[PDB]
């Protein structure tokens, strides 16, 4: 999920955006 | 070297920015 994708690893804008409501 | 990881309060601030008026759900690990 978001912590593994963006904290442990590095994520891109549309990966982040997909977590939005 | 500069750190690209987004963790903790920095991660929820990123969501606040990108999600804008759409909002979001989030669960702190803390």
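Structural remarks
- Count - residues of chain B that are within 8 Å of chain A (Cβ to nearest Cβ), in a loop (DSSP other than H, G, I, E, B) and either touching a residue at least 40 places away in the same chain (Cβ under 8 Å) or within 14 Å of residue A:8 (Cα to Cα) (or both): 6
- Picking from residues in the range A:1-17 that are under 8 Å from the mean Cα position of the chain (by Cα), loosely packed, with under 12 Cβ neighbours inside 10 Å and part of a loop (DSSP other than H, G, I, E, B), the one that is farthest from the other protein chains (Cβ to nearest Cβ) is A:12.
Here the Cβ is made from the backbone with ideal geometry for all residues, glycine too, and neighbour counts use every protein chain on show. All of the numbers you see were taken from the coordinates with simple rules; none came from a lab.
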